[PDB]
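# begin with these chain(s), straight out of the complex:
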Amino acid sequence: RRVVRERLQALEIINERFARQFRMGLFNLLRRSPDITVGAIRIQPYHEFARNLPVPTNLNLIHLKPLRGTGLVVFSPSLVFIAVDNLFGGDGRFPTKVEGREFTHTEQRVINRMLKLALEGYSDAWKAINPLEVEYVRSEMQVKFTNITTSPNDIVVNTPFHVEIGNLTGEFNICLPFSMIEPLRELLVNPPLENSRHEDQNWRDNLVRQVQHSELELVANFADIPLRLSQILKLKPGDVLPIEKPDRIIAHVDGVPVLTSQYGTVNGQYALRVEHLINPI
Amino acid sequence: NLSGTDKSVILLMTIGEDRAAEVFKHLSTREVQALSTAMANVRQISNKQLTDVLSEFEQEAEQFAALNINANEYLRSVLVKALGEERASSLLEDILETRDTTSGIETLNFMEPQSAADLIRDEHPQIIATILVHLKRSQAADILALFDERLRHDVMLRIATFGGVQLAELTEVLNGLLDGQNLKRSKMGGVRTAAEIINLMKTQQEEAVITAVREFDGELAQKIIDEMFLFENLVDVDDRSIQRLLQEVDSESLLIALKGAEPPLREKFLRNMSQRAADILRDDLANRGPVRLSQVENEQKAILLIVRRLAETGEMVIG
Amino acid sequence: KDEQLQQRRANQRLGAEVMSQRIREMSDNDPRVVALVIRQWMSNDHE
Amino acid sequence: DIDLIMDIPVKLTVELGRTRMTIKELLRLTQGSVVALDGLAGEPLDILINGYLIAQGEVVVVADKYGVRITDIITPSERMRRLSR
C-alpha cells in the first residue's frame, strides 16, 4: 500500500527555463541550435520508472545539499551517439545502435561534458528561485544498481524531455524521489512569485491595513456536558440539567478560542468581563 | 664499445642531481625509470669511457651553440609585456596540441595496425573515420583492413560525412586514447607465445594438447595448427625455401629427418637438389636402417630451429 | 707500475671533475645547449 | 435499529450571546474590559449540540448548584424561521 497525489505549478516553469538554458548551452557547445521538448511531468513509483526506463542507458547521481538524498539524471544512447558525432561533425545518417555494450572511455568522457553542462544549467535555473546546491556523485549503468529509493514502490517524480537537432532526435529524463522534495512540497505547488522587494512587505502591510477592517462573530460557552441521546429523547421541556461552576467563559470565533472572561450583570444585559487574550506562543 | 644509452646515462649522472631531475621532468617517465635503474644497477662510465662520453658531449656542445635559454616562462614573460599574456596562452596550447596530435598520429602509424584497430574498434565510427583521414593513407588503410565488413563500410561512408573537421576536441580524443596504452601491456595474452611452448613440448604431450584444444575449440586448434605450419607441405613454404634449407643444413641430419618424414616430404626435399644429389640422398635413405625415433625427432627439432632462425632473419616468408 | 697507474687514475679523476665543473658552469649559464644535446642523447639511445 | 443507537454518549453546548466586533476592537480591549452580548438579562439561552440547534433553556440555581432548565423543543418551522435571519 503506497499512495500519493498532488498538483504542481512552479517546477513546470522551472523545467521550461532550464530547458531554454540547456538549449542555448548545447547550441554554443555544438555550434548548432538544438530543440528541447519538455514532456509532461511524470509521477510514478520507482519500480514503474525503472520498468519504463529503456535499458541500456546511463544514469548519473547528483546530490542536492542540504536535503538528504541524491538526484538522478539519465541520457539515451541515441542522444549520446548524436551528440558525439555532432562533436565530430558527423551527419548521423549512418547511425549505429549499441545494446549491452558499456560506454567506452571517450564516450563516458563526452557524457561527462553533458553531465557538467546540465549540472551548471540546472544549478543556475534552480538557484534563480531557491538556492540548492547540486553536486554529482556517481554515474550508473543499470537502474537496479542506482537503488536510490528505499522501496521500488516508492513514488518518484520524473521530468521527460525530447531533444532534437535538425533531423537528429532524442529523449532524456530527469527523475527525482518525492522524498527529495517532501520538505518543499508546499513550495513546489505554489506558482513562482515576483517582486519580494521592500515595497512587497509593506504591500503585505497594506493588506494588513485592509485587514483591520474585518467582521468577527464570537461564540460564548458556558457548559459542554456529555450526555446520551436516549436521555435527550426522554428530555421534555421544563427539564433541568445541573451544571458545574463556570469559573470562566471561553470565547471563540468559528472554534478558535481567543480569551477567557467572567460573566457579569451590566445595564440589564448579559455582559462578560475579559481577563486576557489567549496567546499560544 | 659503449652504447648510446650508456653514454647518455653517464652524462645524466655527470650533469648533476638538479639538472637530472629537470631532465626527468622534461622527458618521459619510462626514460626516468631507465636512468634510475641504470644508475642503481652499475655505473656506465670507466676512465676511458667517461673521457669518451664527456668529449662527445663537448663536441655536441660546440655544435649546439645555443646562445639562448629554454625560456619555458621567460620567453612568454617578454611576449606578455609587449602584447599581453592572454593572446598567446591559447594559441600556444593549440600549437602544442597540433604537435601533440601529429606526434600521436605518427606513433599510431608506427605501432601495429591490428593493435590500433582493436584499440579503436570499441570507439566511435566517426572517431575511426576522422583518425583514418588524419593518418597516413597506408596507416589509415591498415586500421581499416582489419575491421569487420559492416564497421568498415560505415567508416568509409562516414569519411565523406566528416565535414565538421573538429578542433580542440580531436586533440583531447588523442589524449584519451593515449592514456590507455600504458595500461594495455598484454604480450602474455597472444596465442603465438603459447603455440611456441606447444612446439617445445614433448611430441605425444602436444599431440594430446592438440586433441584437447580441438575438443575445446576446433577453430582455435586450427588457428594454432596454422601457426604450427613449418615445412609440412610444399605450397606453404615454397620450393625456393625448400632449396634454401637443404643448402643450409647438414645432409646427414636432413636424411635422418627424412627417414621418418612423409614420402611427399621426401619428394619436395629431393626436387630442389640436382640429379646427383637427389640420387645420393635416395641411396643413403634406402641403405640406412631403422633408427630410434628420439634422435630423428631431436634432429628434426634442430632443423626446425634453423628454419625459425632463417624466418627471423627474414630472407623469405613461410606459410 | 701499479703505483704509477694509481697516480694516473687520481690525476685523471681530478681532471675529469674540474672539466665536469666546466660542463656544470656552461650548462648553468646556457640551458639551450643542454636541451638540444639531450635530444641528441635520446636520438642515440633509440638509434 | 433505533434500540442500537440509544446507548450512545453525545455532547451538548449552550451559547450566551452574539455581538459584532472587529480586530481593532479586540486589540483595543485590555485586562478587565467588559463586553456585553445581545442576550438580554434573563433571556433563556439557546441550547445546541455540535453546532446543531436543539432547544432553549435558562440556568436556575437549585441547591446552591447551577442547573439549566429547558423550556421548549424547537419545531422545524420555527427552526427554519430562526435560520432565515
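Great, that's in hand. Residues are numbered from 1 along each chain as shown, chains lettered A, B, ... in the order given.
# quickly list the domain ranges of chain B.
Each domain of chain B is listed here as a residue range: B:4-63, B:85-184, B:187-227, B:229-319, per automatic domain parsing.
# which helix in chain C runs the most residues?
Scanning chain C for the helix with the most residues, using DSSP state H, yields helix C:2-29.
# would that helix count as contacting chain B?
Yes. Applying Cβ under 8 Å from any Cβ of the partner chain, one finds that helix C:2-29 is in contact with chain B at C:9, C:12, C:13, C:16, C:19, C:20, C:23, C:24, C:26, C:27. From N, CA and C alone the C-beta is placed, and that goes for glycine too.
# how about the contacts made by the second one?
With contacts taken as Cβ atoms under 8 Å, 6 or more residues apart in numbering or on different chains, residue C:12 has the following neighbours: B:47, B:51.
# find the nearest non-adjacent residue to residue A:235, please.
residue D:70 (6.9 Å; Cβ to Cβ, 6 or more residues apart in numbering or on different chains).
# list phi and psi for that neighbour.
Backbone torsions for residue D:70, taken as degrees, to the nearest 10, come to phi -70, psi 160.
# quick check: the gap between the residue nearest to residue D:10 when sequence neighbours are not counted and residue D:8.
Excluding the flanking residues, the one nearest residue D:10 by Cβ to Cβ, 6+ apart is residue A:229, at 5.1 Å. As judged by Cβ to Cβ, to the nearest Å, residue A:229 and residue D:8 stand 6 Å apart.
# same question for residue A:233.
Residue A:233 sits 11 Å away from residue D:8, taking Cβ to Cβ as the criterion.
# only the buried residues of the helix or strand residue A:199 falls within, if you could.
Taking DSSP states H and E as the definition, residue A:199 sits inside helix A:198-211. Across helix A:198-211, burial judged by 16 or more other Cβ atoms under 10 Å in any protein chain shown covers no residue at all.
# same for that helix, what does it pack against?
Packing partners of helix A:198-211 (3 or more Cβ pairs under 8 Å, 6 or more residues apart in numbering or on different chains; DSSP states H and E): none among the helices and strands.
# send the alpha carbons of it over as CSV?
C-alpha atoms of helix A:198-211 as CSV (Å, rounded to 0.1, in the frame of the first residue of the first chain):
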residue,chain,number,x,y,z
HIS,A,198,10.9,46.1,0.3
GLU,A,199,7.6,47.5,-1.1
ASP,A,200,6.3,44.0,-1.3
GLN,A,201,6.3,43.6,2.5
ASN,A,202,4.6,46.9,3.1
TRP,A,203,2.3,45.8,0.4
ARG,A,204,1.6,42.9,2.8
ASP,A,205,1.4,45.5,5.4
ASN,A,206,-1.1,47.4,3.2
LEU,A,207,-3.1,44.2,3.1
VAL,A,208,-2.9,44.2,6.9
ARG,A,209,-4.2,47.8,6.9
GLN,A,210,-7.2,46.5,5.0
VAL,A,211,-7.4,43.6,7.4
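# chain E next, sequence below:
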Amino acid sequence: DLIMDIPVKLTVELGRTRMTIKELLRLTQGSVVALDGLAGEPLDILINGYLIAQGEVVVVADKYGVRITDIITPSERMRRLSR
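Alright, chain E goes in next:
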C-alpha cells in the same frame, strides 16, 4: 424520533499498544511504531469515541471507503470491554 436528523462524529482506529513514555522519549520524530491488530483485520469503527462496529477500507472510486461488516452486538461489546 424527533431528533433523527442530528449529525454525528465517527472515529475509526487501527490498533492499540501499551506504550510507556520512556519509549516515546527514544522515539524520534520519524520513528516507526507497530500495533496489536494484524494486517488485513477490519478496522474498528466508533462514533464520538464510542464503539459501534468494525469495517475494512477498500480502494473504490479513487476514495478510501470502509465496508461495514458487523453490528454493535452488545454481548460482544461487553466481551470487548471485558479485556
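# downstream neighbour of the helix holding residue A:199 in the secondary structure list?
Sequence-wise, the next helix or strand downstream of helix A:198-211 (DSSP H and E) is strand A:216-217.
# who's in contact with that following strand?
Residues contacting strand A:216-217 (Cβ under 8 Å, 6+ apart): A:253, A:254, D:18, D:20, D:21, D:22, D:23, D:26.
# now, which of those residues sits nearest chain E?
Using Cβ to the nearest Cβ, residue A:254 is the member of these that lies nearest chain E, at 16.9 Å.
# just give me the longest helix of chain D.
Secondary structure of chain D per DSSP H: the longest helix is helix D:76-83.
# quick one: that helix to chain centroid distance?
Distance of helix D:76-83 from its chain centroid, counting by Cα atoms, centre = their mean, to the nearest Å, is 16 Å.
# anything in it near chain A?
No. Remark: helix D:76-83 sits outside contact range of chain A, by Cβ under 8 Å from any Cβ, the gap being at least 13.1 Å.
# mind checking if that helix is in reach of chain E?
No. Taking Cβ under 8 Å from any Cβ as the criterion, helix D:76-83 and chain E are apart, separated by no less than 9.1 Å.
# which other helices and strands does that helix contact?
Where contact means 3+ Cβ pairs under 8 Å, 6+ apart, helix D:76-83 is packed against strand D:52-62.
# which parts of the stretch 151-281 of chain A sit against chain E?
Close to chain E, as judged by Cβ under 8 Å from any Cβ, the stretch 151-281 of chain A has residues A:229, A:232, A:233.
# picking up where we left off before, can you give the contact residues for the longest helix of chain D?
Outside helix D:76-83, the residues within contact range by Cβ under 8 Å, 6+ apart are D:53, D:74.
# quick one, it and strand D:52-62 angle?
Counting by axes from the mean of the first three to the mean of the last three Cα atoms, to 10 degrees, helix D:76-83 points 90 degrees away from the direction of strand D:52-62.
# secondary structure element for residue A:257?
strand A:256-266.
# only alpha carbons, please: show that strand as PDB.
Output in PDB follows, covering the C-alpha atoms of strand A:256-266 (Å, rounded to 0.1, in the frame of the first residue of the first chain):
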ATOM      1  CA  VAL A 256     -10.700  29.100  17.800                       C
ATOM      2  CA  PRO A 257     -10.500  30.500  21.400                       C
ATOM      3  CA  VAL A 258      -9.100  33.900  21.900                       C
ATOM      4  CA  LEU A 259      -9.600  34.800  25.500                       C
ATOM      5  CA  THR A 260     -11.200  33.900  28.800                       C
ATOM      6  CA  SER A 261     -13.800  36.000  30.600                       C
ATOM      7  CA  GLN A 262     -16.100  36.300  33.600                       C
ATOM      8  CA  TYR A 263     -19.800  36.900  33.200                       C
ATOM      9  CA  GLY A 264     -21.500  39.800  34.900                       C
ATOM     10  CA  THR A 265     -24.700  41.700  35.200                       C
ATOM     11  CA  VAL A 266     -24.300  45.100  33.400                       C
END
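# chain F comes next; put it on the structure above:
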Amino acid sequence: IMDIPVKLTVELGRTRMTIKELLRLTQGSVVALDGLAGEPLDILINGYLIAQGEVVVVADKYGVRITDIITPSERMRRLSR
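Okay, chain F now, added to the rest:
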C-alpha cells in the same frame, strides 16, 4: 519524569451526517470519508493528539511513519474541522 504505560489512538478520518444514512446501509456497504489516499494520519494519546504521520505495513503488521509533533497552529484547525 516518572514513566508509565499509556493508551494511544490513531484516527482515520471524520465526517458529519446522521447514522441513519449508514444505519440503512446494511453490512457489506462501503462508505467513504474525508480520508483519501496519501495524506498522513494523526496520533492521539488517551484521546489527546500528538503528531502527524503516515502508517505503512511491514511483515503483515502496520507501522506508523510519524513525521513531526503537531503544533497548536494546525491543532486548532483540525479541532475546528
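# please reconsider what packs on helix D:76-83 now that chain F is part of the model.
Contact partners of helix D:76-83 among helices and strands, from 3+ Cβ pairs under 8 Å, 6+ apart: strand D:52-62.
# in its sheet, what does the strand it packs on sit against?
Partners of strand D:52-62 in the sheet, by DSSP bridges, are strand D:45-49 (antiparallel), strand D:65-73 (antiparallel).
# deepest of those, which one?
Across the strands paired with strand D:52-62, averaging neighbours per residue (mean count of other Cβ atoms under 10 Å in any protein chain shown) puts strand D:45-49 on top, at a mean of 20.
# which residues are contacting that one?
Contact with strand D:45-49 is made by A:222, D:10-16, D:39, D:53-59, D:68, D:70, E:6, as judged by Cβ under 8 Å, 6+ apart.
# nearest to chain F: which residue in chain C?
Residue nearest to chain F within chain C: residue C:42 (69.9 Å; Cβ to the nearest Cβ).
# if we can go back for a sec, what about the helix holding residue A:199, distance to the chain center?
For helix A:198-211, the distance to the chain centre is 27 Å (Cα atoms, centre = their mean).
# quick one: residues in contact with it.
The set of residues that contact helix A:198-211 without belonging to it, under Cβ under 8 Å, 6+ apart, is A:195, D:23.
# check stretch B:232-252 too.
Contacts of stretch B:232-252 (Cβ under 8 Å, 6+ apart): B:229-231, B:254, B:264-265, B:268-269, B:271-273, B:281, B:303, B:306-307, B:310, B:315-316, B:318-319.
# repeat the analysis, applying 10 Å as the threshold.
With Cβ atoms under 10 Å, 6 or more residues apart in numbering or on different chains as the contact definition, stretch B:232-252 has outside contacts at B:225-226, B:229-231, B:254, B:256-257, B:261-262, B:264-265, B:267-273, B:277, B:280-281, B:284, B:288, B:299, B:302-304, B:306-307, B:309-311, B:315-319.
# quick revisit: for the strands paired with strand D:52-62, give me TSV that also has distance to residue A:146.
Formatted as TSV, the strands paired with strand D:52-62 follow (distance: least, Cβ to Cβ, whole Å):
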stretch	distance to residue A:146
strand D:45-49	57
strand D:65-73	68
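# and of these, who's closest to residue A:266?
With Cβ to Cβ as the measure, strand D:45-49 is the member of the strands paired with strand D:52-62 nearest residue A:266 (16.8 Å).
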